[PDB]
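Student: Can you keep this structure in mind? I'll have questions shortly.
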Amino acid sequence: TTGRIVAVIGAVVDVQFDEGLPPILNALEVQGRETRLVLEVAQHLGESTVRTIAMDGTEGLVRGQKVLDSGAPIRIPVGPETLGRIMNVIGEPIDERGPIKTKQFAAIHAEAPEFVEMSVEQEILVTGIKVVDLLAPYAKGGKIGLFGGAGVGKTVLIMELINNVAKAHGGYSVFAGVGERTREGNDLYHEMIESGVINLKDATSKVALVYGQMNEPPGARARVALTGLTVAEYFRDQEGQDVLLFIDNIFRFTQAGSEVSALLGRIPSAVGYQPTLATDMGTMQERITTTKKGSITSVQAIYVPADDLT
Amino acid sequence: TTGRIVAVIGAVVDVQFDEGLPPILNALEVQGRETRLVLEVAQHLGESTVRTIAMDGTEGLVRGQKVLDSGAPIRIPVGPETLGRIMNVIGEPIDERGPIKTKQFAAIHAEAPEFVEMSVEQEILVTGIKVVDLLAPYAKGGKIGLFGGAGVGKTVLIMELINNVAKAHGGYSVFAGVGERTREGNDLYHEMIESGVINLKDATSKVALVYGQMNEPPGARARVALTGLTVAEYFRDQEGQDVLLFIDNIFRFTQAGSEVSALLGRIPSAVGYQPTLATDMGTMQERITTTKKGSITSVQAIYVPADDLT
Amino acid sequence: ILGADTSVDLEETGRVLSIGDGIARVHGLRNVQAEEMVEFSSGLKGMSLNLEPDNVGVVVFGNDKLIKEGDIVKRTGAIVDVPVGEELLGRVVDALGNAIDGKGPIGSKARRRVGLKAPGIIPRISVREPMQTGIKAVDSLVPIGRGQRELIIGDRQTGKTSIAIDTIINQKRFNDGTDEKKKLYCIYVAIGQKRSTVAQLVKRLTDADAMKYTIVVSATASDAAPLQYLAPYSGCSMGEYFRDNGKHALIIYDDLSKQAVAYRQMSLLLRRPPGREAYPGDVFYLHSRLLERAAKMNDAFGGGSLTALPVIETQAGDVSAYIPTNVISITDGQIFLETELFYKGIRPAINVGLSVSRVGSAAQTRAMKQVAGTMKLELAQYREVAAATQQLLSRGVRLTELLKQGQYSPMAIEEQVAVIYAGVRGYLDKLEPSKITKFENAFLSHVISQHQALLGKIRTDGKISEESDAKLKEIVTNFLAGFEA
Ligand SMILES: Nc1ncnc2c1ncn2[C@@H]1O[C@H](COP(=O)(O)OP(=O)(O)OP(=O)(O)O)[C@@H](O)[C@H]1O
Ligand SMILES: Nc1ncnc2c1ncn2[C@@H]1O[C@H](COP(=O)(O)OP(=O)(O)O)[C@@H](O)[C@H]1O
Ligand SMILES: [Mg+2]
Ligand SMILES: [Mg+2]
């Protein structure tokens, strides 16, 4: 069923439907545009109207413009064909190498692993760094946090950990460029082609790239962390492989949330942050974990505003 | 055109009009009052109604009381007849020496000199004082920050700069008393008469005083600098002189702007200051420059709050 | 019976409901697009930011106090854009692209949007060509590559702007020459400054014959906050023209601090939730999308570039503040300037410990790498020793005075390495610190006059060979002996 755009303001867009109102999470395709603009339904305002969040720039949108319902959340490719490729927030390839051909298509939104599905292994991971291994060593299939201010050395540290651990590893790896420098994605991409972990000719790539960098709008940066997360979950659940997840920077997920929160019509929390800071991070973070079947090891770079850990 | 008062909340006064809705910045003459009460239009609330800031006490105002549009901003007396006289924010004399028999009138609000009018060459203003000229010299069309209060010959330095600029460069001066003690205004007024820079007998005075002290409302105090500035702009633009504009002090201009912004209900900025901190200062300080016709050099007193330059 | 007037149908036009707090609420404009430019009845421009059900909130690019209620707003049709081309060179303009220098109309052919998204991963490629500032302390210690983003940061009156000015004046070498690849078109964006300062700035560039390859966008303190907010993006689009058409360009945002407070004004008037220092949540996004557009394009996409030099003003040297840390986390290196060094007379005052540029290091000449390889760490260790090792102080004082440089006088890369070679290799150890400045002037004027072949071989090869090293060794050695007594 078609729907008309009633109001637009930044990333947030209100769409009205006559019949067949779409539920929360569902992606909506906007008509009369060159690039595929996807609106994700966040709230139900009432009077057959829904408040959405755009995954790309909303410039050019007019009131009364048509909006079709896909009938499901944002679906993306998942499988071995995603390895050695670069995906955006809504699943499209952004490396000029045709479509990503896959049988399965996972939705970016999903419930967290249940209590019975959780694992409890605590084997040490030898990184090679003296300060880490001695004082605060990482665990295999564990959640690793790299807190740091502006220009202290998180990207250097996470590249080292990829250089040390990801090369000496049997399973696959997944990098998620969340709201960081775009040239670093270019530096990383060509460096991985140089080393051999990403093979262009063969179908034996060990890394899957996902990018929604700081040039993208907030809606993209708010949902790209879930997109790259879903790619790693496929290998964990269906295949049962030991995955090495890498996010840089996970703060940009929460930072993007505050920008849209203002426009979503919520009462602001402490330091201008969104009131749903814990739950939005909770639903996202809880998915990143080692289940009984598979395993995910996440090294997350964390930005610290104004060198304030509080 | 005539209007009617619809609301009065402190210094803020709403006025509804039938046909002719007055533009922003325009002065409105309130009818049926002992002394002259001027309202300056700030916003257009809609439905033929405008929000205004009072230049004096709003006691005695009734919902339905008539208000006439002057057709322009707060116009004031400007010319050689302002020299030796004291005037308030709205151009009225407050020295009990009869009316200011002026020839021309000039609005307090004025656009800053355009890019083509700017003097590309940086020339020096010879003050005649050895400490100044040598170590920290004054620039024509510049703005100098005077620091210190009593017990250091502050008023004597001010009177000398008036004398020396008038003696050497042949340029008159202006003293804008912004938000300081009315006691101090009385002290200076008589010291200037004692020195000779002001003369009550003949027309050889070198200063035009424009006072709006802390006894007056925030609406008045915010527009006093502009009133004194406009007097200085006459001697530059019409007579082609190197003018000397004193502001005592610039902090009170900033404080008054913060108070006016607060009373309107605008969400405050950092450290309780107004959102329009840079623009309010910018629109005033940019008018103090060198031009093709002349220049206005400004010696501005500064109170640094909490001894904190940041 | 005459037909009714349908000139003000609400489809393509609309009337203003309210105006006061920066925003203009417009009744109508049903077919208008989001972020579309709109024209008011008084010849004033605006942007359709808020599209609500019963109205359209418009950001007024200019003095909003001219607009009244019932004034007719009209659609331009296109998304907020600016004039673009080589016709802007040698012209001073406002954020909208209108000329303010009084030299007639621009006469531009093409136009580009202000809010275009930056190039993705594929069009980009690591920086290769060096962006020569002509400043010894910069080009040796903190070199900039073409396509790089390098933050100039420090307190008020520390020489932030002077670095950008000398960088623009230095490009005359390449632009008045045969090599089209080495040319660099400059764009100085002024945000929140005084008009007198900008007028003085363009005259200085005019006297140095630097304006004819420079665009100047001006949004001074007296201009409205939206114009200051827009100014960087307009100039950025003018830089992208060169970038996309296989040409290299430089852009200087002076400064993004004064842009941030302008955007904070708009957001606080919009009544949006404030955070750190009353700034909104998207002040990072404000500067991020701007700076990302500065990039190095590969040969497939023209082979051009856009180099960004954003400026930031810190209060009391607080680099850990909210806005600095945001711009530090965007750019590919920093150049921090200190009040202490600037007060002593060490100009340009650059903090060698804090200032870095790893991306620009790759795009550096091999000649400069040889002479200024160890110099980075030597100057850092020199500042540590506050209270064999005495020789470190004997070198540190010389190299600091050697890196000192006068204003409005850049140097060629081959001319710089010759001066740095003298101090770093240890041919100025037995000499008074005060004699270092006069030695440089006498030495530089000698080698540029007599030994052109030596300087030419250094530039052409981009390297100090064994024959050039031995040749250069015997100049500084024998020239010193005469200079001494
Ligand atoms: N290398 C230098 N040698 C001598 N004087 C210099 C040098 N660089 C700058 N100056 C002088 O120092 C003053 C301040 O420099 P500049 O305006 O570039 O700093 P700034 O950080 O841009 O200041 P602001 O941010 O307040 O504009 C200038 O008036 C200039 O004349
Ligand atoms: N292991 C290291 N050794 C030396 N320098 C480092 C190291 N890690 C970081 N740095 C310095 O810190 C700078 C910024 O590093 P980066 O990882 O980009 O920080 P951030 O992730 O906070 O932006 C680099 O330019 C580099 O000079
Ligand atoms: Mg980083
Ligand atoms: Mg400056």
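Quick note: numbers on chain B are straight from Swiss-Prot, i.e. 59-368, in order.
Per deposition record, X-ray crystallography, 3.2 Å.
Every residue, even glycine, has its Cβ placed from backbone N, Cα and C.
From Swiss-Prot, for reference:
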CARBOHYD  B:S106  O-linked glycosylation site
MOD_RES   B:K124  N6-acetyllysine
MOD_RES   B:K124  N6-succinyllysine
MOD_RES   B:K161  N6-acetyllysine
MOD_RES   B:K161  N6-succinyllysine
MOD_RES   B:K198  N6-acetyllysine
BINDING   B:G209, B:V210, B:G211, B:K212, B:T213  phosphate binding site
BINDING   B:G209, B:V210, B:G211, B:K212, B:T213, B:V214  ADP binding site
BINDING   B:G209, B:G211, B:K212, B:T213, B:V214, B:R239  ATP binding site
BINDING   B:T213  Mg(2+) 1 binding site
BINDING   B:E238  Mg(2+) 2 binding site
MOD_RES   B:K259  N6-acetyllysine
MOD_RES   B:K259  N6-succinyllysine
MOD_RES   B:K264  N6-acetyllysine
MOD_RES   B:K264  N6-succinyllysine
MOD_RES   B:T312  phosphothreonine
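So where do these features actually land, and what's packed around them?
Tutor: Secondary structure at B:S106 (O-linked glycosylation site), as computed by DSSP, is coil. Proximity of B:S106 (O-linked glycosylation site) to non-local residues of its own chain (separation of 6 or more, Cβ distance below 8 Å) is seen for B:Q74, B:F75, B:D76, B:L79, given in sequence order.
Around the Cβ of B:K124 (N6-acetyllysine), 14 further Cβ atoms fall within 10 Å across all displayed protein chains.
Counting every protein chain shown, the number of other Cβ atoms lying within 10 Å of the Cβ of B:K161 (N6-acetyllysine) is 9. B:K161 (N6-acetyllysine) falls outside any helix or strand according to DSSP and counts as coil.
Just so you know, the Cβ of B:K198 (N6-acetyllysine) picks up 19 other Cβ atoms within 10 Å once every protein chain is counted.
The secondary structure of B:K212 (phosphate binding site), as reduced to three states from DSSP, is helical.
Within 10 Å of the C-beta of B:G209 (phosphate binding site) there are 6 other C-beta atoms, taking all protein chains into account.
For B:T213 (phosphate binding site), the count of additional Cβ atoms within 10 Å of its Cβ stands at 16 [all protein chains shown].
Classification of B:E238 (Mg(2+) 2 binding site) by DSSP places it in coil, neither helical nor stranded.
Within the same chain, no residue at least six positions away from B:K259 (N6-acetyllysine) has a Cβ under 8 Å of its Cβ. Look at B:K259 (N6-acetyllysine): DSSP puts it in coil.
Counting Cβ atoms from all protein chains shown, B:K264 (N6-acetyllysine) has 23 others lying within 10 Å of its own Cβ.
For B:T312 (phosphothreonine), other Cβ atoms within 10 Å of its Cβ number 22.
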Student: Using a 10 Å cut-off on Cβ-Cβ distances across all protein chains shown, tell me which of the binding-site residues (B:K212, B:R239) has the largest neighbour count.
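Tutor: Of the binding-site residues B:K212, B:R239, the highest Cβ count within 10 Å belongs to B:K212.
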Student: Can you name the recorded positions among B:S106, B:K212, B:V214 whose Cβ is less than 8 Å from some Cβ in chain C?
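Tutor: From B:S106, B:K212, B:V214, the ones near chain C are B:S106.
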Student: Hey, how far is B:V214 (ADP binding site) from B:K161 (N6-acetyllysine), Cα to Cα, in Å?
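Tutor: The separation of the Cα atoms works out to 32 Å.
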Student: Measure from the Cα of B:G211 (phosphate binding site) to the Cα of every one of the recorded positions B:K124, B:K198, B:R239, B:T312, then give the nearest.
Tutor: B:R239
Student: Show, in sequence order, which residues other than B:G209, B:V210, B:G211, B:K212, B:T213, B:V214 on the same chain lie with their Cβ within 8 Å of the centre of the Cβ atoms of the ADP site.
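Tutor: For the ADP site the neighbour list reads B:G206, B:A208, B:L215.
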Student: Do you know offhand how many angstrom separate B:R239 (ATP binding site) and B:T213 (phosphate binding site) by C-alpha?
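Tutor: It is 14 Å, counting Cα to Cα.
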Student: In whole Å, how far does the CA atom of B:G209 (phosphate binding site) lie from that of B:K264 (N6-acetyllysine)?
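Tutor: Cα-Cα distance, B:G209 (phosphate binding site) to B:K264 (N6-acetyllysine): 25 Å.
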Student: Given the modified residues B:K124, B:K161, B:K264, find the one whose Cα is closest in space to the Cα of B:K212 (phosphate binding site).
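Tutor: Nearest by Cα distance to B:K212 (phosphate binding site): B:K264.
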Student: Which residues of the same chain, at least 6 positions away in sequence, have a Cβ lying under 8 Å from the Cβ of B:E238 (Mg(2+) 2 binding site)?
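Tutor: B:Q271, B:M272, B:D306, B:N307, B:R310 - these are the non-local Cβ neighbours of B:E238 (Mg(2+) 2 binding site), listed in sequence order.
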Student: For B:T312 (phosphothreonine), what is the secondary structure by DSSP, using just helix, strand and coil?
Tutor: helix
Student: What is the total of other Cβ atoms whose distance to the Cβ of B:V214 (ADP binding site) is within 10 Å?
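Tutor: Within a 10 Å radius of the Cβ of B:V214 (ADP binding site) lie 11 other Cβ atoms.
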